[PDB]
Amino acid sequence: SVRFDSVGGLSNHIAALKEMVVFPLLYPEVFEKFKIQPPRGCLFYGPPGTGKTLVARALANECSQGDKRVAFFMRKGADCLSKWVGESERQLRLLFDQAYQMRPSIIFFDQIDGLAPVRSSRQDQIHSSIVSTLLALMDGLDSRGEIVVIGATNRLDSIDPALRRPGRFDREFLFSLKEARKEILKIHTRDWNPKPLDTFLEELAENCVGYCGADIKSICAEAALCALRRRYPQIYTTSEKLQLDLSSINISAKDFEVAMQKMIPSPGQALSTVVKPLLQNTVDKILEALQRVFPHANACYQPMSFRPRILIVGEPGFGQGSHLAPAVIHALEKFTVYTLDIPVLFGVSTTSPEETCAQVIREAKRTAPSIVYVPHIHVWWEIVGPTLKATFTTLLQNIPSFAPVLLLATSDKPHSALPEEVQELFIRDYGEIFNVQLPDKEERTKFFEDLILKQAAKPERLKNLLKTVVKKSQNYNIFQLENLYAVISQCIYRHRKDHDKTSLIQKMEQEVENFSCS
Amino acid sequence: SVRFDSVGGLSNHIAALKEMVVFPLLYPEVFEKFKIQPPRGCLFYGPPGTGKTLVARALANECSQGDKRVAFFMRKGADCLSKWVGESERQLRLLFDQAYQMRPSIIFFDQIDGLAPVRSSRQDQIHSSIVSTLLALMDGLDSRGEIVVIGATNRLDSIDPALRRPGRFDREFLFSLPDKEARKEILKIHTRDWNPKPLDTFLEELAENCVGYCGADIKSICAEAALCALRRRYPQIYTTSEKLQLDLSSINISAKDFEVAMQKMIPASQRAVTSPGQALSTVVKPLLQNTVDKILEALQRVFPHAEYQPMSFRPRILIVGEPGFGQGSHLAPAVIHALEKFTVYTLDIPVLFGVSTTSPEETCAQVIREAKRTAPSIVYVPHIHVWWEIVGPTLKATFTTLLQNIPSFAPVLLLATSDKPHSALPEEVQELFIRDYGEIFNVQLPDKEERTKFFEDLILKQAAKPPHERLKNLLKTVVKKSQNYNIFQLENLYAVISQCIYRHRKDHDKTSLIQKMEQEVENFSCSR
Ligand SMILES: Nc1ncnc2c1ncn2[C@@H]1O[C@H](COP(=O)(O)OP(=O)(O)OP(=O)(O)O)[C@@H](O)[C@H]1O
Ligand SMILES: Nc1ncnc2c1ncn2[C@@H]1O[C@H](COP(=O)(O)OP(=O)(O)OP(=O)(O)O)[C@@H](O)[C@H]1O
């Protein structure tokens, strides 16, 4: 039922899997020209929840539909278990021949852990002969095509070590657990009478942090199930269905949100729904400046730079590391990010801090371009020992000059107050230091539109009130603004069940005048 | 016998279970359009003695004598094992087929771990064969409709994960320890058929005390008290070989019997651990209940999540009082105990250093991650004036940087107490607590009425029982002369007066010790 249309996000995995597995089986005479000798053993491995067997079934559909030029047999290495001496043994030679009498073919082996476990002194002589003669079945009945052994498992070490030898089972395909999620939401709701809004589904996928595929459909089914709970609360404690129209179970804005809150669900995090219209301008500005310094976000017509470096400096309480920098990291996605802070350096024992400080830089060198994050450099410099500072400096210096790896750091004290070793590390004469500024008047004006007023009247003079709140908030930092918002929004809850107005507005207007934060 | 009546306190897993057993048999239409396909395997788990077998017995009786007809089939741990090589796996299939031929039926398995262990290569192969042949015919349950198999176990871990899969066992029910309202129902249930029915106010007065008990513990004390009353009424029976004569009507159960019965018993869950929470003793309650109330209402004002959705923003608070004001030894345990149902993780010197082989930063890491996992949660840090001047700078930096990562609106409270005032407190800590948040409380000395009530029980009520105005004068002068004392000194004076009262237990006339009482009352001197 799936022909590469119920798969979301896997734009690059498909190209690799088809080119090195199916195409050599789809076009075997081509590789006779150069003698590539493609491997005869392939695997699907990764964390659970990646949907490994469905890909094999899709390959079966692709190969079977047509002229039957390449085939596929579906097999499981966990239901192929026979409690007899050698009866499950014939399954592979017949299968490696049944798929060979009608070759080419791809044979899937789900959970080979049971059919071919680790033969040992505790395992049955049955399974001992099974595994021995079984590896004899595969390494002997291969090496000329056109059978490519594809298997799946949850753990890589759950395989008999004699299987993974030269000239035997070799290849491994990494399946991992957000760009896939838009495609997933598009696909899995292909036939829905209450078709949700595209922004509705995008918010759904945004709020489904940590889910991998199956639970993505599970939440949708659960949302429908609780929709018929909420629209029809009388389903409990009622007689047989007498009059129920099964069309008012339509999913609206609040249905999935009440559905999401009924189960438990990196230094990059976008702003909240309340914070976005306050710092979005500054995030865009810093992104633009970074574009200017860092062009990656002999021969010409190729981007090049000289040691990408940048420092965020702002007065404490300006949210330069509390809200800005993780947001910038989130905005500059599709690049590897690697932090270096105290709980990641001292948070693991059985290792010297020097032992991990080299691994991050080495592996970020491997995957250039990469991002290294060092928050609160003004305090991180005074916690490490004398050797760590020197090791950090030498590791940073050993980078190539034209390597497009960016150093991102944030600070609280002004640049002129830092230790001198930091000072002769940034080039303020260049574009390497960015300043954070207080929000302007429009942002503060638009920060209070929702509560004043789009929900208070939900079942004048307050406008003067409104401007007074702004008339005092010219020079308050982010934390004071947000705490003020929370304290005002509390009173709105305080009189939910008071239809009579002019008494709640009195208490709001007297609390705002009473709010002293000098 | 029992029909869903004696089972009280849950009231929620019964509704979802008749929907499993009865509703599909009566309403085969709601499951038609939506393709509901209700699940067929339930997995009872939880700490022992909280149910999960009483429910099975109630269900068995309900289906035996409810809507005819449903059959009950049950095993005891591991009975499929036989001596021969073929009957070990054949009896299972035989009884399973016998159950299928008797549709409809219900299958009950208890002690799953005794028949379905965790498969591995470090154990015998016969168990591997039996678990495989068990999960074989279980997977083919869709074809053999109207067959439901349920399981009762105690250890979640000791089950092979291969069975805990959609297709075999996709549903689990957790049976945890009961709460106050549920305990009241349990006490009402187990004393139901008592001829002098006790009054309800006594029942929840008692149920306030029971904090760690379960079903079995609650049941047992109702027999312990009866035997204690039996002993109290007729203490001539034990040292006797021959039978005697009893009237059977002089026996009556009083509150003292319950008190002494609870004295010797120990809660089942606390036979290997002591929780970091205590409630005020009876002698102290009329001296700090008001302040516990005021702290509770203030924290409710700042942290309203304990009253569509209340909003909170990094709730914090710090109780500050003089050294002798009992802020770290009485008030904080009271606050932690009055806010039940909240998982609280503590953090003090016997926690960071009280454990070996683990550097303090590691322990802080597990603590903070597990406090974020189950929110709302409480972090306990007592004596912050001392916890801070002993730890290394690295630990301070880790502690400060690891709580800045929290979601702003999460209902996570920081709880701490101090002995020095806020101003003298280290400045680099004072940024965590800001006055406009209302995070600062000052414990004050109790007023005149509180002392008057505190000493009112000793005099003049205890000094009146055989084995008046002068006592009023003595109370007056004592209440006057203790107007500048802290909690420790007050309870010390209480103790010395009580001891002097004890020392004249056998004096048959008063007025011989009133002069004593007054004389050591003057002999008291503390001066802080
Ligand atoms: N990434 C995914 N995309 C789509 N469907 C998925 C995904 N992951 C899981 N599913 C669905 O949930 C089911 C559970 O996956 P599956 O059991 O095959 O994975 P697993 O956790 O490795 O378990 P096991 O190997 O024991 O079967 C799949 O059969 C499929 O229906
Ligand atoms: N909610 C309850 N109401 C009344 N009695 C209860 C309750 N929970 C437990 N009990 C008492 O506990 C007794 C036995 O408990 P039960 O066998 O149900 O526990 P279990 O956790 O399944 O046992 P175990 O783990 O030891 O196998 C019951 O006979 C009953 O007296």
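If you go along the chain as it appears here, the first residue is 1 and each next one adds 1.
According to its header, this structure was worked out by electron microscopy, 3.8 Å.
Positions of Cβ are set from backbone N, Cα and C atoms, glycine also.
If you check Swiss-Prot, you get these features:
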type	residues	note
BINDING	A:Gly46, A:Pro47, A:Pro48, A:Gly49, A:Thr50, A:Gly51, A:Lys52, A:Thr53	ATP binding site
Any further residue of that chain within 8 Å (Cβ to the Cβ centroid of A:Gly46, A:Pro47, A:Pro48, A:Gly49, A:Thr50, A:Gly51, A:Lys52, A:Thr53) of the recorded ATP site: A:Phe44, A:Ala152, A:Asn154, A:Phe175, A:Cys212, A:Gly213
Which of A:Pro47, A:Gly51, the listed binding-site residues, has fewest other Cβ atoms within 10 Å: A:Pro47
Sequence-ordered binding-site residues from A:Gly46, A:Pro47, A:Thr50 with Cβ under 6 Å of an atom of ligand 1: A:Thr50
Residue among binding-site residues A:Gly46, A:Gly49 with least C-beta crowding, 10 angstrom cut-off: A:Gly49
Which of A:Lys52, A:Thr53, all binding-site residues, has a Cβ with the fewest other Cβ atoms inside 10 Å: A:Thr53
CB contacts for A:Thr50 (ATP binding site) [other CB atoms within 10 A, all chains]: 21
Local backbone state of A:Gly49 (ATP binding site), from DSSP in three classes: coil
Cβ atoms near A:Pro48 (ATP binding site) (within 10 Å, other residues, all chains): 12
